[PDB]
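Line by line, the protein sequences give chains LC, Le, La, Lq and LQ. Just so you know, the first sequence maps onto residues 106 to 157 in PDB author numbering. Just so you know, the second sequence maps onto residues 2 to 125 in PDB author numbering. Just so you know, the third sequence maps onto residues 2 to 149 in PDB author numbering. Just so you know, the fourth sequence maps onto residues 2 to 142 in PDB author numbering. Just so you know, the fifth sequence maps onto residues 31 to 213 in PDB author numbering.
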Amino acid sequence: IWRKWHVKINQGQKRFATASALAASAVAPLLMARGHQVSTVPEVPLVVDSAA
Amino acid sequence: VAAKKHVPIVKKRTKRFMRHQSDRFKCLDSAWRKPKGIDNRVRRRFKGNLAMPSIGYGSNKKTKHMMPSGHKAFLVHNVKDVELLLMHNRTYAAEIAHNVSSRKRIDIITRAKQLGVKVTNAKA
Amino acid sequence: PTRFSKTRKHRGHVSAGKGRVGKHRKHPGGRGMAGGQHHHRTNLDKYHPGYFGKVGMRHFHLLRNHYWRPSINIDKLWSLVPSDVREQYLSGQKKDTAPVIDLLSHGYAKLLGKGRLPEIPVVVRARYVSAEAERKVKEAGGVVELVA
Amino acid sequence: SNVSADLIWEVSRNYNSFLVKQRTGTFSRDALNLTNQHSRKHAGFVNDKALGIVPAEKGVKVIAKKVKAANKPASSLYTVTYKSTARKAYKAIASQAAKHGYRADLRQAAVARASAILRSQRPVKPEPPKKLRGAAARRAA
Amino acid sequence: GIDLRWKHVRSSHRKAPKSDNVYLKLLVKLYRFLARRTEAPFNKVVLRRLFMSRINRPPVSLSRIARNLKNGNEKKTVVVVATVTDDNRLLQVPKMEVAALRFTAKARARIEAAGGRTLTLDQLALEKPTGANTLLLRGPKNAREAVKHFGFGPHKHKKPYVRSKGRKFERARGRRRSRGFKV
RNA sequence: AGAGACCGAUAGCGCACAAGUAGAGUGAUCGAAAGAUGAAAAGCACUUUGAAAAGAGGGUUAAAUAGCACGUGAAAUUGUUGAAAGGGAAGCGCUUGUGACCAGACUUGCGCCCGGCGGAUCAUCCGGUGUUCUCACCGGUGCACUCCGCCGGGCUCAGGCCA
RNA sequence: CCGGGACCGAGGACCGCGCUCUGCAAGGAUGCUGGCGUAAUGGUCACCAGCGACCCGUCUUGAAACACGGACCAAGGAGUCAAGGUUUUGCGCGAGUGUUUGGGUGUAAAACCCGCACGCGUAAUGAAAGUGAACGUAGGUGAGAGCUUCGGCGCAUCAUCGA
RNA sequence: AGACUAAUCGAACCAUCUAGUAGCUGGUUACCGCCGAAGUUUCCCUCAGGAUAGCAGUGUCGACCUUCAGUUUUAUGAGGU
RNA sequence: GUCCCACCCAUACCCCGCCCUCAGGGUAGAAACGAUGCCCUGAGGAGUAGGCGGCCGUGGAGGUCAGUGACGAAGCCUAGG
Ligand SMILES: [Mg+2]
Ligand SMILES: [Mg+2]
Ligand SMILES: [Mg+2]
Ligand SMILES: [Mg+2]
Ligand SMILES: [Mg+2]
Ligand SMILES: [Mg+2]
Ligand SMILES: [Mg+2]
Ligand SMILES: [Mg+2]
Ligand SMILES: [Mg+2]
Ligand SMILES: [Mg+2]
Ligand SMILES: [Mg+2]
Ligand SMILES: [Mg+2]
Ligand SMILES: [Mg+2]
Ligand SMILES: [Mg+2]
Ligand SMILES: [Mg+2]
Ligand SMILES: [Mg+2]
Ligand SMILES: [Mg+2]
Ligand SMILES: [Mg+2]
Ligand SMILES: [Mg+2]
Ligand SMILES: [Mg+2]
Ligand SMILES: [Mg+2]
Ligand SMILES: [Mg+2]
Ligand SMILES: [Mg+2]
Ligand SMILES: [Mg+2]
Ligand SMILES: [Mg+2]
Ligand SMILES: [Mg+2]
Ligand SMILES: [Mg+2]
Ligand SMILES: [Mg+2]
Ligand SMILES: [Mg+2]
Ligand SMILES: [Mg+2]
Ligand SMILES: [Mg+2]
Ligand SMILES: [Mg+2]
Ligand SMILES: [Mg+2]
Ligand SMILES: [Mg+2]
Ligand SMILES: [Mg+2]
Ligand SMILES: [Mg+2]
Ligand SMILES: [Mg+2]
Ligand SMILES: [Mg+2]
Ligand SMILES: [Mg+2]
Ligand SMILES: [Mg+2]
Ligand SMILES: [Mg+2]
Ligand SMILES: [Mg+2]
Ligand SMILES: [Mg+2]
Ligand SMILES: [Mg+2]
Ligand SMILES: [Mg+2]
Ligand SMILES: [Mg+2]
Ligand SMILES: [Mg+2]
Ligand SMILES: [Mg+2]
Ligand SMILES: [Mg+2]
Ligand SMILES: [Mg+2]
Ligand SMILES: [Mg+2]
Ligand SMILES: [Mg+2]
Ligand SMILES: [Mg+2]
Ligand SMILES: [Mg+2]
Ligand SMILES: [Mg+2]
Ligand SMILES: [Mg+2]
Ligand SMILES: [Mg+2]
Numbered sequence: 106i107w108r109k110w111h112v113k114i115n116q117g118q119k120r121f122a123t124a125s126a127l128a129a130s131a132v133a134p135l136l137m138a139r140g141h142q143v144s145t146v147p148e149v150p151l152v153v154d155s156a157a
Numbered sequence: 002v003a004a005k006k007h008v009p010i011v012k013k014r015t016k017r018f019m020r021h022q023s024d025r026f027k028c029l030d031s032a033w034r035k036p037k038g039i040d041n042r043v044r045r046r047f048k049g050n051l052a053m054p055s056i057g058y059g060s061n062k063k064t065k066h067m068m069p070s071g072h073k074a075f076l077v078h079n080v081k082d083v084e085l086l087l088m089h090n091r092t093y094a095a096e097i098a099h100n101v102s103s104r105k106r107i108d109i110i111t112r113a114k115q116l117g118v119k120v121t122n123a124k125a
Numbered sequence: 002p003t004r005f006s007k008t009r010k011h012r013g014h015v016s017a018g019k020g021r022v023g024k025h026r027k028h029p030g031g032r033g034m035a036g037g038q039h040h041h042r043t044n045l046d047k048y049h050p051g052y053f054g055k056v057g058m059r060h061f062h063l064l065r066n067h068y069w070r071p072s073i074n075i076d077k078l079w080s081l082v083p084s085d086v087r088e089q090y091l092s093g094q095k096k097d098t099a100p101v102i103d104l105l106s107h108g109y110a111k112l113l114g115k116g117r118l119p120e121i122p123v124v125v126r127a128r129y130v131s132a133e134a135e136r137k138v139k140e141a142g143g144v145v146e147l148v149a
Numbered sequence: 002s003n004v005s006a007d008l009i010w011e012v013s014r015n016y017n018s019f020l021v022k023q024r025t026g027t028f029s030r031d032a033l034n035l036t037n038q039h040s041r042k043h044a045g046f047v048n049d050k051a052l053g054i055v056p057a058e059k060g061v062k063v064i065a066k067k068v069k070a071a072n073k074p075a076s077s078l079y080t081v082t083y084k085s086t087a088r089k090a091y092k093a094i095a096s097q098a099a100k101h102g103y104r105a106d107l108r109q110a111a112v113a114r115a116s117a118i119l120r121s122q123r124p125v126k127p128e129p130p131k132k133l134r135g136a137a138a139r140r141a142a
Numbered sequence: 031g032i033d034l035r036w037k038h039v040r041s042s043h044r045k046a047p048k049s050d051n052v053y054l055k056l057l058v059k060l061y062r063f064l065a066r067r068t069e070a071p072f073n074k075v076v077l078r079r080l081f082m083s084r085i086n087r088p089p090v091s092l093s094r095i096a097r098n099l100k101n102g103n104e105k106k107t108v109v110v111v112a113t114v115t116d117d118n119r120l121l122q123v124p125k126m127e128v129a130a131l132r133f134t135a136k137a138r139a140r141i142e143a144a145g146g147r148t149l150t151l152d153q154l155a156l157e158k159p160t161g162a163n164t165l166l167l168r169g170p171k172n173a174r175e176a177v178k179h180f181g182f183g184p185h186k187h188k189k190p191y192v193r194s195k196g197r198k199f200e201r202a203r204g205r206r207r208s209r210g211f212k213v
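Shown next as structure tokens:
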């Protein structure tokens with residue numbers, strides 16, 4: 106039971122990766138290339154006027 | 002339809018490179034295995050014994066992977082997959098997977114007849 | 002990750018890369034530091050020259066707090082003051098005011114002197130100070146006074 | 002900026018959802034991909050200018066990409082339906098792809114796909130019945 | 031028989047980066063085209079130096095740049111395919127323009143504070159495709175802790191592997207004639 | 001009490017079952033093997049042969065190629081039917097021959113001309129819409145020598161195998 | 001300078017070198033013709049025939065050995081994990097670097113945030129008391145990629161003489 | 001008589017330490033491609049075993065300096081078969 | 001015993017086809033490319049102990065094929081491809 110289960114990674118690289126994911130979330134071709142169905146969305150940064 | 006003109010196909014070998022001593026024991030399969038014995042006659046290439054597979058038996062790039070008709074096999078599973086061969090009807094041929102139902106088999110055959118794609122296993 | 006390791010490339014090959022005549026037995030040669038003076042002497046004198054012997058006097062109940070005195074050189078002395086004021090001093094707009102740096106508050110006790118110092122007077126409060134550092138601080142217009 | 006067609010090709014170069022890779026070759030099931038091959042030249046979804054051809058109920062349907070509305074996918078497609086004549090559709094597609102420098106290298110594939118679609122909409126002739134060679138003696142009884 | 035000493039001998043230098051950075055792949059494509067279709071040896075040298083590993087691309091400092099910015103080189107372009115690090119010892123930084131693979135935050139701040147400009151390898155290729163009026167620089171390759179342990183032996187004065195330092199660790203026999211001999 | 005990038009009946013605790021049981025030793029102690037018919041027994045009424053056990057009919061079920069030796073039923077080994085070889089071993093490699101069986105390709109396509117037939121408008125033009133802002137589409141106009149399919153005749157070209 | 005015979009046909013618009021120069025034997029085969037369009041060509045399996053061919057694994061200078069293990073089949077069956085080192089490859093920051101002992105928060109063994117100390121590095125040398133890194137644009141000489149106003153400036157590194 | 005002490009005696013049987021240690025026998029599981037050895041030097045209560053040097057592979061960097069050679073020629077020394 | 005003609009055959013030598021390895025070149029005012037691609041040219045291929053690279057299968061986990069299936073999934077047999 107004392108094998109190494111969890112791992113430790115730098116917070117700087119964690120923050121780098123989550124920022125890379127946010128940057129890659131604004132590219133529509135990647136959205137289609139990942140299998141999403143976004144053929145009928147007006148703007149790829151979808152924003153709602155606080156109706157919820 | 003017929004395929005494009007190509008150079009003649011040469012196989013360089015037809016036999017299957019059976020495993021040494023697999024014709025005398027039933028516990029050994031016929032799949033080839035490299036012998037690691039210190040004094041094996043096949044590993045030592047004695048005259049009059051089984052041959053060994055080498056990289057020198059490879060085929061020409063032009064006729065590699067193509068069946069004697071001239072096409073290349075392509076495994077299909079439904080009617081949406083066979084539509085990928087729209088632009089390749091003189092180079093590729095379709096082959097329906099073994100677990101496809103009879104209804105989808107006749108749907109694939111019907112669509113392929115209009116698209117002109119040859120089907121290797123259709124008489125069923 | 003076991004999918005990439007050399008033990009899988011040894012499958013089908015007898016002796017698993019350890020040799021036929023020499024068969025990788027359990028513990029040939031002994032365990033640990035055995036044979037230091039008898040059969041591992043060539044390794045222990047070509048490498049690690051100085052393993053055996055006694056040198057120096059012994060100390061009973063050593064407390065390392067008695068021997069705590071981190072040091073800082075003089076070429077990093079200006080790095081203690083903040084950047085905004087440091088650029089003002091280096092640019093030369095005061096001409097009438099001098100800073101007093103307290104090494105203890107930053108965690109240092111002795112001021113060594115290795116590099117050069119610009120011609121601006123300063124005052125340093127240190128537990129210890131070197132002779133060359135004192136000379137350089139005097140030739141820079143400053144003065145150092147012990148604070149304990 | 003930090004993003005371009007070359008970068009998107011680099012990111013989706015090794016694996017993507019539209020890829021169908023197996024033995025004897027690799028293909029791509031992309032709407033904006035002609036010849037259904039996996040290559041930078043024919044990858045419609047990464048390039049700024051691309052073409053696509055889809056069969057309609059009677060004729061051809063041609064879709065193109067509008068570079069001005071890349072961030073607006075709902076209105077970034079130029080669609081047109083050709084159902085008049087084969088030669089007229091051939092000329093319209095060729096001019097649409099080789100008159101204003103909008104991917105002039107895809108003219109041959111764009112016209113060819115339309116030709117294949119029109120060839121595939123005619124009625125099919127009935128295949129002649131198969132003969133027998135070694136089972137003829139068995140079936141004689 | 032053919033009587034050769036070597037056959038099927040491989041090359042000794044890298045022919046492709048081991049890193050999988052996409053931007054580095056783009057930069058390699060750019061400089062592979064420039065080096066193929068340009069007469070300047072500067073392009074071939076930068077292309078090869080882009081292949082190097084991290085231990086073969088040591089950092090250079092602002093002080094080291096100021097060292098080579100004398101004797102009539104104040105107007106040239108410094109090219110360093112490595113990281114650039116600020117030096118705390120240098121109090122006044124001269125005015126210069128630097129093109130480097132990447133900069134530290136404080137080094138960039140002090141360069142733009144002094145009145146300089148920080149470039150990028152793509153801007154360098156855009157302004158000086160042939161590398162005119164430039165000087166290349168490297169960091170200290172042998173200034174590494176691991177190099178002090180290399181080639182240990184008698185009468186070589188290298189550094190040994192010890193778990194600690196003190197009067198009980200090594201010294202003794204073989205380091206002084208008071209206990210046997212010396213090395 | 002709640003969970004798993006754990007094992008899945010030679011595995012996982014010795015024990016998924018009347019398991020610390022059956023069993024061995026005077027005794028301290030040692031210590032197993034063994035899960036699965038079908039949704040529901042609806043677990044074969046009755047006739048006949050036979051000393052009996054059993055068999056053949058005939059029945060239930062989607063199935064008895066699921067019958068309480070019961071899901072799927074491989075190899076070692078054995079029986080019958082079919083084919084073949086054998087003068088102190090057999091097996092194997094290269095290359096023909098004889099006998100048994102068999103996968104492909106082929107069955108035309110393209111273009112042109114002449115005639116017949118059904119057509120429905122081709123170029124052009126103007127109005128609107130989109131666009132890569134110069135090309136497209138749609139609304140109407142055409143008028144037999146345009147365009148578009150069908151048939152019959154002819155012509156050329158190329159297309160299987162062995163020489 | 002004239003005969004006879006054998007094996008082969010790689011490449012796929014033009015570009016080049018030449019000649020006997022409306023053309024050619026000059027950077028790789030084309031032309032005419034016959035039979036058959038199926039078991040004909042071809043492929044698999046079984047048998048006879050010509051030549052070849054000692055039983056595997058292992059120790060050993062030497063194994064087909066009168067050296068050892070092996071009657072046959074099915075399932076199981078052997079370089080793994082932890083702590084501490086070392087070199088190399090990839091990544092982040094950089095004279096600094098490391099959030100997770102702990103606290104806040106949470107869609108709750110996940111994710112996110114927070115701070116004093118502390119670890120390694122920034123200064124060594126002696127047994128110890130102790131002391132502690134610039135004469136020079138941080139030195140001189142011989143080689144050095146590259147740049148250059150063409151005179152020269154000279155990274156990394158090697159050797160050598162000094163501080 | 002080293003005899004007998006539950007088919008066990010020149011030191012009974014049962015469980016645990018215990019997966020006791022072994023310089024000694026036996027075994028060690030898919031394919032292809034490229035390179036490719038040693039039984040020799042020194043030390044060890046060492047001679048069926050190790051460390052050390054040698055042979056080998058992989059990862060490289062600086063030249064491409066033009067650099068070198070199990071070789072011949074010319075000039076000039078040593079040797080005691 | 002000596003001399004002289006013709007003739008037979010190795011995985012050896014010469015020419016041609018194909019495979020792999022290594023080495024040297026060409027490819028963007030992109031009518032462009034699994035740029036890890038394509039095209040041109042030359043040489044080489046034996047191997048235990050051992051070293052490195054590329055690939056084929058088995059049990060599970062994340063993402064994706066809007067994947068196959070009681071009109072038959074998995075498994076098993078098969079001198080049928
Ligand atoms: Mg084969
Ligand atoms: Mg041998
Ligand atoms: Mg081996
Ligand atoms: Mg062994
Ligand atoms: Mg050993
Ligand atoms: Mg003494
Ligand atoms: Mg059990
Ligand atoms: Mg069982
Ligand atoms: Mg059990
Ligand atoms: Mg059962
Ligand atoms: Mg009955
Ligand atoms: Mg009865
Ligand atoms: Mg059934
Ligand atoms: Mg059943
Ligand atoms: Mg039974
Ligand atoms: Mg059964
Ligand atoms: Mg059987
Ligand atoms: Mg026989
Ligand atoms: Mg025999
Ligand atoms: Mg007519
Ligand atoms: Mg009409
Ligand atoms: Mg009209
Ligand atoms: Mg109209
Ligand atoms: Mg009319
Ligand atoms: Mg011929
Ligand atoms: Mg003919
Ligand atoms: Mg035949
Ligand atoms: Mg013989
Ligand atoms: Mg012997
Ligand atoms: Mg043997
Ligand atoms: Mg004998
Ligand atoms: Mg023995
Ligand atoms: Mg025996
Ligand atoms: Mg098994
Ligand atoms: Mg470790
Ligand atoms: Mg700290
Ligand atoms: Mg030079
Ligand atoms: Mg000078
Ligand atoms: Mg006696
Ligand atoms: Mg007794
Ligand atoms: Mg005794
Ligand atoms: Mg006992
Ligand atoms: Mg053990
Ligand atoms: Mg070799
Ligand atoms: Mg001794
Ligand atoms: Mg020895
Ligand atoms: Mg032995
Ligand atoms: Mg003599
Ligand atoms: Mg003598
Ligand atoms: Mg003598
Ligand atoms: Mg190349
Ligand atoms: Mg050879
Ligand atoms: Mg080899
Ligand atoms: Mg798997
Ligand atoms: Mg498992
Ligand atoms: Mg379904
Ligand atoms: Mg099935």
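The C-beta atom is built at its ideal place from N, Cα and C for all residues, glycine as well.
Find the residues of chain Lq that neighbour LQ/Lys55, judging by a C-beta separation of less than 7 angstroms, and give them in chain order.
-> In the fifth sequence, the residue the question calls residue 55 of chain LQ occupies position 25. Here the neighbours are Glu11.
Beta carbon of La/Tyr90 nearer than 8 angstroms to that of La/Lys111 = For this step, residue 90 of chain La is matched to residue 89 along the third sequence. For this step, residue 111 of chain La is matched to residue 110 along the third sequence. Taking 8 angstroms as the cut-off, the beta carbon of La/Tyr90 is found no closer than this to the beta carbon of La/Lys111.
Would you call the segment 119 to 134 of chain LQ and the segment 83 to 100 of chain LQ touching, i.e. three or more CB-CB distances under 8 angstroms?
-> Taking 8 angstroms as the limit for Cβ pairs, the verdict is that the segment 83 to 100 of chain LQ does touch the segment 119 to 134 of chain LQ.
Whole-angstrom Cβ separation of residue 221 of chain LQ and LQ/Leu149, contact assumed at under 8 angstroms?
-> A question about residue 221 of chain LQ goes unanswered here, because the residues of chain LQ that appear run from 31 up to 213.
Any chance the CB of La/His40 is under 7 angstroms from a heavy atom of ligand 45?
-> Reading the third sequence from its first residue, position 39 is the one you call residue 40 of chain La. The nearest non-hydrogen atom of ligand 45 is 7 angstroms or more from the C-beta of La/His40.
La/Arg126: first and last residue of the uninterrupted beta strand (DSSP E) it sits in | Along the third sequence, one-based indexing puts residue 126 of chain La at 125. La/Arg126 -> beta strand (DSSP E) spans 124 to 127.
Nearest candidate by alpha-carbon position, reference LQ/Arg207, set La/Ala99, La/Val124, La/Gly51 = As a working note, residue 207 of chain LQ is residue 177 in the fifth sequence. Comparing Cα-Cα distances from LQ/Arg207 to each of La/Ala99, La/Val124, La/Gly51, the minimum goes to La/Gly51.
Whose Cβ in chain Lq lies nearer than 8 angstroms to the Cβ of Le/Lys73?
-> Your numbering for residue 73 of chain Le matches position 72 in the second sequence. The contacting residues are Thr25, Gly26.
Is Lq/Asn17 near Lq/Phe28, with beta carbons less than 8 angstroms apart?
-> Translated into the one-based positions of the fourth sequence, residue 17 of chain Lq becomes position 16. Translated into the one-based positions of the fourth sequence, residue 28 of chain Lq becomes position 27. Against a cut-off of 8 angstroms, the Cβ pair of Lq/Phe28 and Lq/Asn17 comes out as no contact.
In three-state terms, what does DSSP make of LQ/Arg205?
-> Translated into positions along the fifth sequence, residue 205 of chain LQ becomes position 175. LQ/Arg205 sits in a strand when the DSSP states are folded into three classes.
Just the Cα atoms here: how many angstroms apart are Lq/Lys89 and Lq/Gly26?
-> Counting from one through the fourth sequence, the residue named residue 89 of chain Lq turns up at place 88. Counting from one through the fourth sequence, the residue named residue 26 of chain Lq turns up at place 25. Near 35 angstroms, if we compare the C-alpha coordinates of Lq/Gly26 and Lq/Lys89.
Contact with chain La by LQ/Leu92, beta-carbon distance below 8 angstroms | As a first step, residue 92 of chain LQ must be located in the fifth sequence, where it is residue number 62. So, not an interface residue.
What's the call for LC/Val152, buried or exposed, on a 16-neighbour Cβ count within 10 Å?
-> Counting from 1 along the first sequence, the entry for residue 152 of chain LC is found at position 47. It is exposed - the Cβ of LC/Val152 has fewer than 16 other Cβ atoms within 10 Å.
Just to confirm, are Lq/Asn72 and LC/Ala133 a CB contact at a threshold of 8 angstroms?
-> Residue mapping note: residue 72 of chain Lq aligns to position 71 of the fourth sequence, counting from 1. Residue mapping note: residue 133 of chain LC aligns to position 28 of the first sequence, counting from 1. Yes, these two residues count as a Cβ contact at 8 angstroms.
Hey, is La/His25 close to ligand 3, as in C-beta under 7 angstroms from one of its heavy atoms?
-> Mapped onto the third sequence, residue 25 of chain La falls at position 24. No; taking the cut-off as 7 angstroms, the Cβ of La/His25 has no heavy atom of ligand 3 nearer than that.
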